[PDB]
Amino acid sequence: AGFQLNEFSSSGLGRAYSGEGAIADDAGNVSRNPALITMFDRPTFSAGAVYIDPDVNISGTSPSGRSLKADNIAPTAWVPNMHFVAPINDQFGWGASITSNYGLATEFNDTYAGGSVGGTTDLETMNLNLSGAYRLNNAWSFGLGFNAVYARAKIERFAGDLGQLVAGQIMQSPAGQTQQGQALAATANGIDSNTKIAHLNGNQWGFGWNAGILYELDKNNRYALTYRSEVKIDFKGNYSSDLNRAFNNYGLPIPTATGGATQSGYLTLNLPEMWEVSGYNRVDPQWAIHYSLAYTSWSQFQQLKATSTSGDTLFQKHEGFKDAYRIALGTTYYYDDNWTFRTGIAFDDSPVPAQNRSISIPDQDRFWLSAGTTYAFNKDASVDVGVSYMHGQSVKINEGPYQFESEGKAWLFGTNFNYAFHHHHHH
């Protein structure tokens, strides 16, 4: 799922986010589907977070003989979520919410040998949503939302053992026996692993919109179609490189050097438009079944290019992602008044062409496996607890002069609190 994430609710967590867009047992889903707004009677609030704990590890050996082994490169994260749905009439209502649909955090030591392609990579995303729905009739409704997305991002790359790989290569060339070759090799050989080869940081606002269409046979079965617009963030950040300005222009793959001087960079980040189709099915007073299928057009994400105020390129990297799907299936079991249980299973193909993979975005196909509970205090307040396990297939990665093998699992824990308000008098 690239650097996308769909942890907007702890209840969603317990059911491997299946159905989401057809279930309305809590306000969290209006963030997923605007049409669901017309499924609430009174003001509803929801808020909580998901603690994500990844276990991604890298392995390999550089041509320099140095270890490309990198343990625990994906740090833990806390993804909060807040939701509020407010019916106005039996025909209109509005909802706001703060969730996060995109994020990533990979970090290697700055002395890592594959540093040139594995330093630090951060992308924080907070999505502010405000939207309304319309119950055209008893059969189905329509939603539509406005999105203000704030993103913080930071990219840092270092010289791994490139300096050595270069020097080593220069030593094997005829240029080797030369006083200039040796000199050159010495210079290359001299670049420390932690020499910052690229620095990009910046916060920028982005906007977009989403919509949804709910359809229900009765009040126990429904199906939906939602759309999340692509979102473009043109960052106005700071760029830098610690390599001597001399490296510049020869036309090497090296980012622009600035002698450590901070330049002004511009880069456009393209968050993929999203499309999902889901269904919820109550099949007993105590059993319901949910499922879905999402489609992200990851192809809108082709590359990251940092530019100067004069249009010159400081940094650039080809991503070449492709569209992919996510499939989910879960069941909720309403025990009694106070208790409710759930479980889910899912699978999402990777948007990253097994040949365009990077260690910076350790991504592979993922298989979810979740379970969760909801404890109702009194029809007005409840708490949700979710847990999920994401294991996957190990992959091989050929980036730069390196060959790695990446593997990764993840544990997810989440808690949410929900509260309803009295149903307001309306005609």
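Numbers follow the displayed sequence, beginning with 1.
*Asks:* Could you settle it for me: does 152-160 or 245-253 have the higher average Cα B factor in the PDB entry?
*Replies:* Per the PDB record, 245-253.
*Asks:* On average, are the C-alpha B-factors higher in 177-185 or in 115-123?
*Replies:* On average, C-alpha B-factors are higher across 177-185.
*Asks:* Among the candidates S240, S299, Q355, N81, give the one with the maximum CA B-factor reported in the record.
*Replies:* The C-alpha B-factor peaks, among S240, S299, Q355, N81, at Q355.
*Asks:* Whose C-alpha has the highest temperature factor in the PDB entry: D384, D26, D365, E399?
*Replies:* Answer for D384, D26, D365, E399: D365, with the highest C-alpha B-factor.
*Asks:* Sorting the chain's modelled residues by C-alpha B-factor, tell me whether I73 ends up in the lowest, middle or highest third.
*Replies:* Lowest third of the chain for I73's C-alpha B-factor.
*Asks:* If you rank the chain by CA B-factor, which third does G408 end up in: lowest, middle or highest?
*Replies:* CA B-factor rank for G408: middle third.
*Asks:* Test of reading the entry: by CA B factor among the chain's modelled residues, which third contains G320?
*Replies:* It belongs to the highest third of the chain when residues are ordered by C-alpha B-factor.
*Asks:* By the recorded C-alpha temperature factor, relative to the other modelled residues in its chain, which third is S62 in?
*Replies:* Its C-alpha B-factor belongs to the lowest third of this chain's values.
*Asks:* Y227: which third of its chain by C-alpha temperature factor?
*Replies:* According to the entry, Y227 has a C-alpha B-factor in the chain's middle third.
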